[PDB]
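Shown next, in structure tokens, is the structure this report addresses.
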Amino acid sequence: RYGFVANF
Amino acid sequence: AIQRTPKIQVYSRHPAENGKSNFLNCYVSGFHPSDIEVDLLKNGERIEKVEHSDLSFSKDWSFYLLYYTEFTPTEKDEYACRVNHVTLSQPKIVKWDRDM
Amino acid sequence: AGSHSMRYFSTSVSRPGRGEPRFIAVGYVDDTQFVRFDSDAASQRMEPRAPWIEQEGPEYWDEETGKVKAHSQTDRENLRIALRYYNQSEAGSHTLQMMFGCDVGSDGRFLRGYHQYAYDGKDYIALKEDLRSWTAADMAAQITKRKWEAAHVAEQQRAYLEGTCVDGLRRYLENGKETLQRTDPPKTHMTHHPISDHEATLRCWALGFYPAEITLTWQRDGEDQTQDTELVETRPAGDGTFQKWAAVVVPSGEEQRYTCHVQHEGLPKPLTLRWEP
Ligand SMILES: [Zn+2]
Ligand SMILES: [Zn+2]
């Protein structure tokens with residue numbers, strides 16, 4: 001199950 | 001950007017037995033950046049039906065790939081893996097040794 | 001096995017003058033890959049790479065596709081943000097790698113979580129072991145870290161890592177049980193290769209083992225030969241198993257001083273091998 005990321 | 005030169009192993013899936021079908025592997029690892037060209041060779045010539053694993057990387061962020069093809073080794077035929085990467089002056093050719 | 005991991009690995013590489021960055025993501029349970037996404041591929045979908053993941057229904061594939069595509073878009077943005085942070089030109093090619101996922105024990109409990117970035121092969125920012133704060137490697141990464149602190153990114157990731165990630169790993173272990181839970185011990189043997197009249201090579205082989213984690217070492221008179229052992233990287237056989245060998249150069253007639261030692265989770269007890277002509 002894939003997660004997520006945020007902008008630098 | 002810090003660059004790392006590919007490590008190359010050429011090997012069969014099973015112990016080589018002349019006349020019996022097998023798989024020829026070229027495992028390239030420890031390289032960065034990810035662009036790389038890899039050929040399997042039979043007596044100096046490019047093998048056509050060659051597959052490879054999806055790009056992944058290790059704990060130190062360096063990349064690894066497996067290239068492979070089905071084949072039937074013989075006494076005479078010479079196999080090799082040719083690799084080109086930005087860290088190399090010229091392509092590196094690593095010969096298949098059935099004992100490595 | 002005694003513990004398990006689910007990891008996703010992504011690589012974004014900019015292609016100046018050749019369109020948007022190439023984005024590749026792969027998912028693993030332990031040393032078994034089970035999904036991929038590649039922005040070059042026509043499907044524009046998360047694709048299966050292990051038989052047992054095809055047990056998942058259409059909702060799964062739609063949801064996972066949406067998530068990995070959101071990630072690819074955010075990392076294209078992040079490559080652009082990094083250029084500003086580092087005062088780099090739009091002409092050069094750059095790489096952004098992300099790894100995230102979780103470790104659980106055989107009792108099914110959470111052990112550790114990961115969420116970390118590297119830029120051009122160097123650590124950029126990483127979630128720390130307690131899942132509450134960030135290791136930021138340089139000046140640029142402090143800017144990101146400040147933003148992620150303000151937005152409480154560590155809590156968001158902690159919730160994902162201890163929840164969804166763990167739940168996903170448990171399910172995959174269930175569906176892929178027949179293959180994922182195996183601890184296949186290495187088949188071992190030793191070969192001998194004369195180099196000259198003074199020296200010969202002893203090579204210790206480990207074949208057909210899973211998972212990939214293994215320790216292969218040479219001793220001489222019960223002492224580790226750390227700085228004299230040629231040790232190749234553990235390598236995939238292509239059939240779901242791994243291979244490795246370790247070799248030492250030994251003086252002629254001294255073969256019986258040397259022992260090869262094999263540790264692997266599938267072994268009832270560690271092995272000790274001696275040259276037996
Ligand atoms: Zn287990
Ligand atoms: Zn002499």
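We number each residue from 1, going along the chain as drawn.
Method of determination (from the header): X-ray crystallography, 1.9 Å.
In case you wondered, yes, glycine gets a Cβ from its N, Cα and C as well.
As written in Swiss-Prot, here are the features:
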DISULFID  B:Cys26-B:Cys81  disulfide bond
DOMAIN    B:6-94  domain 'Ig-like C1-type'
CARBOHYD  B:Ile2  glycation site
CARBOHYD  B:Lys20  glycation site
CARBOHYD  B:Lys42  glycation site
CARBOHYD  B:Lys49  glycation site
CARBOHYD  B:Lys59  glycation site
CARBOHYD  B:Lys92  glycation site
CARBOHYD  B:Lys95  glycation site
MOD_RES   B:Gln3  pyrrolidone carboxylic acid
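You'll find the Cα of B:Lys95 (glycation site) roughly 20 Å from the Cα of B:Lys20 (glycation site).
Other C-beta atoms found within 10 angstroms of the C-beta of B:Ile2 (glycation site) number 9, with every protein chain shown included. On its own chain, B:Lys42 (glycation site) has B:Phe71, B:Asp77, B:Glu78, B:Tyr79 as residues at least 6 apart in sequence with a Cβ closer than 8 Å to its own Cβ. Cα separation, B:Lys49 (glycation site) to the residue listed as 'pyrrolidone carboxylic acid', rounded: 30 Å.
Here B:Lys92 (glycation site) comes close to B:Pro6, B:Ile8, B:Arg82, B:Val83, B:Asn84: these same-chain residues lie at least six apart in sequence, with C-beta atoms under 8 angstroms from its C-beta. Nearest in space to B:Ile2 (glycation site), taking C-alpha to C-alpha distance over the recorded positions B:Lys20, B:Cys26, B:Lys59, B:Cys81, is B:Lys59.
Rounded to the nearest whole angstrom, the C-alpha distance between B:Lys20 (glycation site) and B:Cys26 (disulfide bond) is 19.
Over all protein chains present, the Cβ of B:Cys81 (disulfide bond) has 24 other Cβ atoms lying within 10 Å.
Filtering of the glycosylation sites B:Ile2, B:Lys20, B:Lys42, B:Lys49, B:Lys92 by Cβ separation from chain C (threshold: under 8 Å) yields B:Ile2, ordered along the sequence.
Secondary structure of the domain 'Ig-like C1-type' (B:6-94) per DSSP (helix as H, G, I; strand as E, B; remaining residues coil): 0 helix, 47 strand, 42 coil. Closest by Cα distance to B:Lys59 (glycation site), from the recorded positions B:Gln3, B:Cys26, B:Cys81, is B:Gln3. Around B:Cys26 (disulfide bond), taking its Cβ as the centre, 26 other Cβ atoms fall within 10 Å, counting all chains.
In sequence order, B:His32, B:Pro33, B:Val86, B:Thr87 make up the list of same-chain residues 6 or more apart from B:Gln3 (pyrrolidone carboxylic acid) whose Cβ falls under 8 Å from its Cβ. Secondary structure at B:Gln3 (pyrrolidone carboxylic acid), taken from DSSP and collapsed to helix, strand or coil, is coil. In this view, B:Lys59 (glycation site) is surrounded by 6 other Cβ atoms within 10 Å of its Cβ, with every protein chain counted.
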